[PDB]
Structure formats: C-alpha cells, structure tokens
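First the proteins, then the strands, lettered A, B, ... as listed; each starts at 1. Remember, it's 1-based here, ligands and their atoms both numbered in the order they're listed.
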Amino acid sequence: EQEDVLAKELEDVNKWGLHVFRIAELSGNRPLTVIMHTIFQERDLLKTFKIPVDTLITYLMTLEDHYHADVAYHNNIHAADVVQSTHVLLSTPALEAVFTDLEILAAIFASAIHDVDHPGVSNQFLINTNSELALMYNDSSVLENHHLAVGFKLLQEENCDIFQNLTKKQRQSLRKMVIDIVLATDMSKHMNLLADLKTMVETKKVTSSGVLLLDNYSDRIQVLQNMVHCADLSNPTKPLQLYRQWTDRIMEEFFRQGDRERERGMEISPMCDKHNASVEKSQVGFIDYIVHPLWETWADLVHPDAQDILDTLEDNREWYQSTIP
Amino acid sequence: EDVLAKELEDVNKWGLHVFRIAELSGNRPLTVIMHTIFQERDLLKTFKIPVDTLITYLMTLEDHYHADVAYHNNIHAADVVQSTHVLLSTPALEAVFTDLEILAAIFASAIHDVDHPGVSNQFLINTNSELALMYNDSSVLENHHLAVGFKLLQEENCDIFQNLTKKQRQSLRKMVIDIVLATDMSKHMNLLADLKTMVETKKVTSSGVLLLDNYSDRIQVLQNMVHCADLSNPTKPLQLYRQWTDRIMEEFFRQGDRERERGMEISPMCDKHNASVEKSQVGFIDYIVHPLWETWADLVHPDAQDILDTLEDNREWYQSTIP
Ligand SMILES: CCOc1cc2c(cc1OC)CCN(C=O)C2
Ligand SMILES: CCOc1cc2c(cc1OC)CCN(C=O)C2
Ligand SMILES: [Mg+2]
Ligand SMILES: [Mg+2]
Ligand SMILES: [Mg+2]
Ligand SMILES: [Mg+2]
Ligand SMILES: [Zn+2]
Ligand SMILES: [Zn+2]
C-alpha cells in the first residue's frame, strides 16, 4: 500500500510546494522517475511523441542513477524538484497555448537533465583545481556543458532513446532548445539573463486572449531559459519546511567544498567556511540580491499568476531575517 | 640543416617557404619554426622556459596533428604561427601587447588546429559524432583543439609554463582560450564587425601607432589577428597559395565523398563532381578574405599594404584561370 500512498502524493504534481522529499522516500529514492512519468502522463507526452512507456522508464531510471546519491543538494531530488517546478510554471494562465508540445518537452527534459552527474562542487572550484572537467571544457560553463553531454549520451543506452519517434527536424530543434536552456542555468549568466528578462517585461505584448505574445525564437527561448532558471532558484519560494531542508542541504555541500579548499591552502569560497558562516544572513542576501529580483521580474511577466509564489518568498525572507537579531 | 638554417632566416618575412622547411626538417615544421620564433622574441629567457621542455612539448604537439589530413596538419599550424609572428611586428601595433599577450597569441596559433580530423564542425554535428556530443554542437573542433593543446602540457617534461607565476598561467590560459575559440568560422562576421567598429573609433599617436587601453579591445585585436593568419593563404606568394589550395580542396573533396557515401547534404565546395576550384577561391577572397584583410589593413594603415596587394594580385590570377 506504499504505492497507494505514493499515488496520493503524486496527485499534487500540479501544485507549488509538492512534498518532494516525501515522494523520494515513498518511491524508493526514485523521485525523478515517478515525477517525470507522472508529468508526461499528465501532459499526454507519451501519446503525442509516441514514447514507449518502457523506454521512458528505462531512460529515467538510468538518468536518475547518474545523479550522485552522495551529494547533499545537487542530487536526483533537486532534479525532480526543478522538473516539477518547471511543470507548474509552464501551466501558468499567461502562457496558455503559447508553447508547442516540442517546446514543452524541451523545457521538461532540460529540467530533468540539468544537473546530472553534478559532483557537488562549483565551476570555480573545478577551474581552480585544474580538474579534468575544466580541462575538457576550457573553463566555460564547465558543469553545465557536462550535464548536457551526459543527459544526451544516456539516450544512446539500451532502450533509452525516448525521442526515437520524433522527426529529424523535431530532434534537431529539441536538441538546440535543450542546450540553450541548460547552458542558461550557469550562475555566471544570471545577470545578463535577468537584464534581458527585465527588458522583455518592460516591452511585453499580450494577445487578444490575454496570453504572452512570443513570435520569434529569441523571445521564446529566453522565456524558457528564465523559466527553468526560476525553477532552479525556487527553494526560497517554497513552503518553509521545504525551504529549510534545501538550506540544510546546500550548506552541507558548501561546507564540504570549503573543507577541501581549506585543506588545499586555497581561499575559501563565499558561504563555504563552516567556522565563519552565517546560514541565515546568507539566505537573506541570496534572496535580496538574486532570488527576489529574479522572481519579482518573472511575476511581472506573468502578472498576476505568480503573486502567491512571490508572497511566500517575501514571507520566508522575513522569517530568515527575523532569526538574525 | 645548413639549408634548413638558411630558410629559417626568412622567419620574420611574409611568404616563408614553409613547405620546404617541412621537407628539410623531417616533417617537423611546427617544432623548428616555433623554436626559432621563441628565440627571435627572447621568449625562453623572458619566461624561463627550459629549452628541452620546449622541444619535448613541441614534438608531442606536432605528433597530435594528423599526417593523413591534407590541410589541417602540422604544416598549417607552423604557417599560422609564423604568420601571427609577423603580424605581431606590425609597426602600427608596436608597444600594444605585453610579453604575456605575445606568448598567448603564439601558443594559441601553434595549438589552434591540433588533432583536427579533416572534417568540418557541421559534419561532426550532423553525424552525431562523439566530439559534437561532448561539446554540445558549439565550436566543437575549437574546444577540442584547446583541450588537447592544454592536456599535452601534463605529459612528462612538457610543461613549458612551469616557471610562470600562478597569475600569469591563469591569464595566459584565458587569453589562449579566447583566441582559439575565435578561429571558429561561425564567429567570423561578429569578429569582423567588432574589428570594423574598432577601426571607425581607433585612437592613434602622432607617429601612427594604435592605442588600445582596455583588455576587451586588445583581445579582439589578437583574435582578429590570429584569424587573419588562419585565413592568410591567399595573401601569400602564389606558389605557396596554390599548394594550400590543392590541400584544402583534397580535404573538402574527401569530406564530400563522406556526405555522399553516407548520404547527406553536400557541404559547399566539397562535391568533386560539381566543384570549381578557381571560382571557389575568387568567391572566398571576395566575401571572406578580402573584407577581413581590407579591414585589418585599415586598422594598421598603411602597414598591410604589401599584403593586401598580393591578395589582390592573387585574386586577379585565379580570376584569369576562369574561362
Ligand atoms: C536554499 C538554497 O540556497 C542556495 C542555493 C544556491 C546558492 C545559494 C543558496 O543559498 C545561499 C548559490 C547558487 N546555487 C548553486 O547550485 C544554488
Ligand atoms: C587555400 C585555402 O582556401 C580555403 C581555406 C578555408 C576555407 C576555404 C578556402 O578556400 C575555398 C573555408 C574555411 N576554412 C576552414 O578550415 C579554411
Ligand atoms: Mg548515482
Ligand atoms: Mg546546475
Ligand atoms: Mg560523477
Ligand atoms: Mg580551426
Ligand atoms: Zn540545479
Ligand atoms: Zn587553422
């Protein structure tokens, strides 16, 4: 009956604040597989793209396995969370009938693969330690290039090509969109991505039906890039009991990186020094300089669809702030 | 060796006999030309590069160019190195670039096509190659050339940068990456636009020398410089240019045999049963090489007059071969 309790929890897949850690436990540490499968069924993607269900499950389980179970934050639970958050953002009223089925597939697939094989240290750490990854990718979006390469390579494993029935033009278009989306999750691109989102909000056009008007690739991919980026940075917008767990997990990852930097004689990265860190001040700063500027701008683009999410973010900022004095 | 030594005396001159140097050096033109340039520029002393580490690395690097690729081999690498070396001595660019910037442009030239398989980025992308899978279809070859060039520094006695400071090494690496990535032909138009912008807003001394204050402008010059050197074949003496044309067309035709034996859209100039070698050269000069070299000549006015003249002479000759 554990499967019955899991099915009950998956009924919330269209809701912000899904109990994703509960789903991870109830699914036997397969949150990415069950949430992806549920979303594909919900959006009729198996029928639309003629995806064999056995192929979908085989790919998802292989992809999920290539997330590191032994990293506290950038694991399969984070991947499932970003997938489900992207799924909700795609459903927003202001975007109804705006994106094609292929664009929706691209955004959800990009979210599922976007951190695969993440080692739990930052791009800068990989660059400064002369890692094989940084050498492979010439210090440029090192992790994000790797996540894409792994995500696409796994499609070639036995019974894993979930896109086997797409047309060549469909596969070509999907591949480009997925690459554009995942490379936009590099935090070094955040300021330019947000600057561009602000420009689009300030010049936004809406159709007679009231939804966003996006009539060229540049504008369409920019919205999908910022959507998945918002989903990636969505932990402080979630109910507090979820947000606090994500904070526990990112600080564990940061502190472990700082212990490796300290042992190597390197300067310790910001927020990574467990002897000189303020978890609470770091969260307020994170929200104030990164997460709220981004989500306030997204909320403007889809106004007023995201008002409840923005209100939760502001409440959680107030809560973490209140723990400082 | 004595004849090889005499040929190498032309190292500061446009139109070095690089094919002869390739013959006389035992197919080691990249090694001997790089060594000669490092001495001519006092780079070994300036950066405390042990001569035996320089030779070991250069030989390993040269070995990773493919001998069965007609154009993108070690002779082409040697030619781009030597061409960059001459462009760096342009009078309008005197006192522009630091020694580390000079080292970066020359090292970038040497590694800029290493391990080239003789097929284009589009071929690698459309064939779902391992390279394109690794590099997400984005500057596939150029990312690979860089990764190989840098990885070879870790071979036994190959770290020619071992005596650079940590900050010098980090700065060099960034500049080399920025330069080699700019050799991707899909970036040509943006790069040329930026070169034109710099021309229209150029600042000069009274003695006709360019003033490039910020790194962004300086890296753009070095990017366009190595790009110019990469595309310099039609600006060389005709006897050399014709040999380069033979070699690129062999490589293109062999790729076209593969877009046919596999069944793809045939890349331009790659169909041996429908190609006009001479028309292609004139079109290449008119749309790519001359717009680039005319803009560069304006930047360094008038120091590139002799080079732009040869280009126009060579274009006239190829046009005269068309009936
Ligand atoms: C509760 C989540 O908290 C954070 C998450 C992340 C950062 C910072 C965070 O808070 C200080 C930095 C960027 N990032 C990379 O993976 C995620
Ligand atoms: C004599 C050499 O001529 C050529 C060289 C190249 C191209 C075209 C050329 O002539 C038609 C295309 C770009 N490229 C790539 O490696 C080099
Ligand atoms: Mg795993
Ligand atoms: Mg990431
Ligand atoms: Mg791993
Ligand atoms: Mg090249
Ligand atoms: Zn992520
Ligand atoms: Zn080249």
Do the two ring centres, one from B/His66 and one from B/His116, sit under 6.0 Å apart?
-> no
Kindly state whether the ring of A/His229 and the ring of A/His114 have centres lying under 6.0 angstrom apart.
-> no
Paired with A/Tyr73, the side-chain hydrogen bond (donor to acceptor under 3.5 Å, both in side chains) test is passed by just one of A/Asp115, A/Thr247, A/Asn235, namely A/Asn235
For A/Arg244, look at atom CZ and say whether over 12 heavy atoms of other residues, nucleotides or ligands are found less than 6.0 Å away.
-> no
Whether over 12 other heavy atoms sit under 6.0 Å from B/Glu265 CD | no
In terms of side-chain geometry, is the basic nitrogen of B/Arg247 or B/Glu250 positioned less than 4.0 Å from the acidic oxygen of its partner?
-> no
Looking at A/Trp246, A/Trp298, A/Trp16, which one forms a side chain to side chain contact (heavy atoms under 4.5 Å, CB included) with A/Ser234?
-> A/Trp16
B/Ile33 pairs by side chain to side chain contact (heavy atoms under 4.5 Å, CB included) with which of B/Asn74, B/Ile21, B/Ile75, B/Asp79?
-> B/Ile21
Could you name all protein N, O or S atoms found under 2.8 Å from the Mg ion (ligand 5)?
-> A/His68 NE2, A/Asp117 OD1
Could you list each nitrogen or oxygen of ligand 1 that sits under 3.5 Å from a protein nitrogen or oxygen, with the atom names and the distance?
from: ligand 1; atom 1: 3 (O); to: A/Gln283; atom 2: NE2; distance (Å): 3.4
from: ligand 1; atom 1: 10 (O); to: A/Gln283; atom 2: NE2; distance (Å): 2.8
from: ligand 1; atom 1: 16 (O); to: A/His74; atom 2: NE2; distance (Å): 2.7

Of all the heavy-atom pairs spanning A/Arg30 and A/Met61, show the shortest one and how long it is.
-> NH1-O, 3.1 Å
